[PDB]
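Chemist: how would this look folded up:
(chains A, B and C)
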Amino acid sequence: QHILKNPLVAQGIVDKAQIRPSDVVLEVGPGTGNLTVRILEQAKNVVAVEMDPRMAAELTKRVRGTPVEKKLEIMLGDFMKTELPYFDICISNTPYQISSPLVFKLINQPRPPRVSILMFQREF
Amino acid sequence: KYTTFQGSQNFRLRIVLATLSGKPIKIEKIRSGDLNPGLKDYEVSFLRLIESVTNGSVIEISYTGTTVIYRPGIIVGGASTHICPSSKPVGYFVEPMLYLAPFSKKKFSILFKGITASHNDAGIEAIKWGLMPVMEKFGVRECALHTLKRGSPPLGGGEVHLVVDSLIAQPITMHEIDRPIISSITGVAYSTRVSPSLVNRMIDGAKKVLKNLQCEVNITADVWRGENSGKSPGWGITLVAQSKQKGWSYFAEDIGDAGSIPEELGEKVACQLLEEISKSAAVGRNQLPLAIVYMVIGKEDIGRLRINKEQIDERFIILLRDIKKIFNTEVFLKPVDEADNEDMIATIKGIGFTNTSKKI
Amino acid sequence: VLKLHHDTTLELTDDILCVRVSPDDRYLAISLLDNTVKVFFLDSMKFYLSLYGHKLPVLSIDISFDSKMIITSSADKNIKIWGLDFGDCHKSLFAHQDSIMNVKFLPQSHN
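Modeler: Numbering: from 1, shown residues only, chains lettered A, B, ... in the order given. There you are, the coordinates:
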């Protein structure tokens, strides 16, 4: 698990997602919650999908006691095996290896997300 | 005390045009044929607003309340908070400030508290998407209007924050001799203390009426709940057609009634939008007195503006008869050469106007 | 006149529980299987109103003699007193541990 040492980059991904205040955002691979906290301030709901129970516990702790805590839902486990709710937009920061199955899961999701902004490898 | 106007008509307009000119006025016989003759409460409350932004202005009210004397001082401004009385909305108080907004000694950071919408006067959405765009075209760049708390009648409790930072020497000389082509229709639907479903219902009605027109139609769905929503429930929609190339916006608005159908009101305002556009040329009928003034108090030069005869009503002439009694500026009107419509070009030599108050 | 026939039917999507008409003959409230109360205009059935947030279906609906307050008691252990003017509530009220079947009013005042 790696972290984005660039704090002036997450902002550009969030911009390209073109958030509406009514949006439900699916965040897959929230990590330490660097993007999550920013997404919560701009969207109606953030459904964060995380495999690691340690990261999920830390993510709950990071938003704890903040005014936007109640707009976070954390779905724990493998996103591939997750029945995904409705979401308007998606942001991804999950491992590159999943990226391949994950794209076709997003495409085949019943009602497809209007837009998605995903971090992959240079070749993929 | 040298220019005299009769009647309470366009009362906040006549204080503005005396203030920019610096020509003293005396408005007598205000509502003299009434069981409660004289000024109202808010017209007195508005005279407290001009005093707070201008140092040196002398305001005198006779003890019958029908005669108001006003020798204007220079626009100082600064930052202050005005309390708006519950008769008229906060937006109504905001409109006169916009005319004197680019000319103050300091920045206007004026905090308004009160009811934030009504049937007659301008909502917050209408001022932001209608009055502000016109200001930007002239040359008022860093101008804004923030919403802190939104109110609704009859209790209100809402707050807007007028912040104007561009302090320019004159409005630039505008030339708009072309009817702007509408690119997109954008409207904002708001609601306080009520069901989120009603806002969705309002959007459905507006889209159905506008489905025939071929253009991108996006209505922002804004829902307010909690203390920020306001003391009394209510809702409203404001729709804005806009042209990207010339930055020209046309709008129409209304609020919800005591028992109104939200399908009807979403359908009504979109009809009132297209009815406004059908009478329009390069402005709206409610954006035209903001732009007529800015050609007058623009610098010593001919401006041009393509306007339509449907805009020209009884109300439009009383605007041009308040300017001639103050600034003595005839507004020349020439026909256009397009034989399909009755547009006329309003050409004005601007009176040479400056900033008395801005420091160098 | 004494026999019964129908004027109209209302095609809905849920398991209807209580329907009450206003004594002012203006408002017709309807409970559904969802956590929803639909109040209809009497004369032309225009869908005046909808309510949310109850989590369990409404077991009895009241409105006042003068159509000012709605009470929609449901099996979710609480009473949510809706103001009839603007479709908001004035106050929700947790009471009656098990589930609340029937609520009725006094015609004199709001008690």
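Chemist: The helix or strand harbouring residue B:113: what's the following helix or strand?
Modeler: Following DSSP states H and E, one finds residue B:113 within strand B:108-114. Scanning forward in sequence from strand B:108-114 by DSSP H and E, the next helix or strand is helix B:124-126.
Chemist: Name the residues of stretch B:325-335 that are buried.
Modeler: Buried residues in stretch B:325-335, counted by 16 or more other CB atoms under 10 Å in any protein chain shown: B:326, B:327, B:329, B:331. Just so you know, the C-beta spots here come from the backbone N, C-alpha and C atoms, and that holds for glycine as well.
Chemist: between the residues you listed, which is nearest residue B:278?
Modeler: Comparing the buried residues of stretch B:325-335 against residue B:278 with CB to CB places residue B:331 closest, at 23.5 Å.
Chemist: which strands and helices sit next to the helix or strand residue C:80 falls within?
Modeler: Using DSSP H and E, the element containing residue C:80 is strand C:78-83. Where contact means 3 or more CB pairs under 8 Å, 6 or more residues apart in numbering or on different chains; DSSP states H and E, strand C:78-83 is packed against strand C:69-74, strand C:89-94.
Chemist: so how many other residues sit close to the residue nearest to residue B:343 when sequence neighbours are not counted?
Modeler: Nearest non-adjacent residue to residue B:343, counting by CB to CB, 6 or more residues apart in numbering or on different chains: residue B:336, 4.4 Å away. Number of residues near residue B:336 (other CB atoms under 10 Å in any protein chain shown) recorded here: 17.
Chemist: now the one 4 residues further on
Modeler: Each residue near residue B:340 was counted by other CB under 10 Å, and the total is 6.
Chemist: Need the residues that contact stretch A:44-59.
Modeler: Residues from elsewhere that reach stretch A:44-59 (CB atoms under 8 Å, 6 or more residues apart in numbering or on different chains): A:1, A:21-33, A:36, A:39-40, A:71-79, A:82, A:84-85, A:87, A:94.
Chemist: mind checking the SS state of the closest residue to chain A within the stretch 1-150 of chain B?
Modeler: Nearest to chain A in the stretch 1-150 of chain B, going by CB to the nearest CB, is residue B:147, at a distance of 13.3 Å. With DSSP: H, G, I helix; E, B strand; the rest coil as the basis, residue B:147 sits in strand.
Chemist: same thing with residue A:100?
Modeler: Three-state assignment for residue A:100 (three-state DSSP): helix.
Chemist: excluding its backbone neighbours, what's nearest it?
Modeler: Residue A:100's closest residue in space is residue A:124 (CB to CB, 6+ apart), at 7.3 Å.
Chemist: show me where chain A has helices.
Modeler: Under the criterion DSSP state H, helices of chain A are mapped to A:10-16, A:36-42, A:53-63, A:96-107.
Chemist: before we move on, back to that, most tightly surrounded among the helices and strands packed on strand C:78-83?
Modeler: Mean neighbour count (mean count of other CB atoms under 10 Å in any protein chain shown) peaks for strand C:69-74 among the helices and strands packed on strand C:78-83, with a mean of 23.
Chemist: Report all helices and strands that that strand contacts.
Modeler: Judged by 3+ CB pairs under 8 Å, 6+ apart, strand C:69-74 is in contact with strand C:27-31, strand C:37-41, strand C:58-63, strand C:78-83.
Chemist: so what's the closest residue to chain B within chain A closest to, chain neighbours aside?
Modeler: Nearest residue of chain A to chain B: residue A:22, at 5.6 Å (CB to the nearest CB). Leaving aside its sequence neighbours, residue A:22 sits nearest to residue A:44 (CB to CB, 6+ apart; 5.2 Å).
Chemist: burial count for the one you found?
Modeler: Neighbours around residue A:44, by other CB under 10 Å: 15.
Chemist: contacting residues around residue B:32?
Modeler: By CB under 8 Å, 6+ apart, the neighbours of residue B:32 are residue B:66.
Chemist: Regarding it, which helix or strand does it belong to?
Modeler: Applying DSSP H and E, one finds residue B:32 in no helix or strand.
Chemist: go on, residue B:294?
Modeler: Assigned by DSSP H and E, residue B:294 falls in helix B:288-296.
Chemist: just residue B:236 next, same as before
Modeler: Using DSSP H and E, residue B:236 falls within strand B:234-243.
Chemist: Say whether chain A is contacted by that strand.
Modeler: No: Strand B:234-243 does not reach chain A (CB under 8 Å from any CB of the partner chain); its nearest approach is 15.7 Å.
Chemist: Sheet-wise, list the partners of that strand with their directions.
Modeler: strand B:184-192 (antiparallel), strand B:248-255 (antiparallel) (DSSP bridges).
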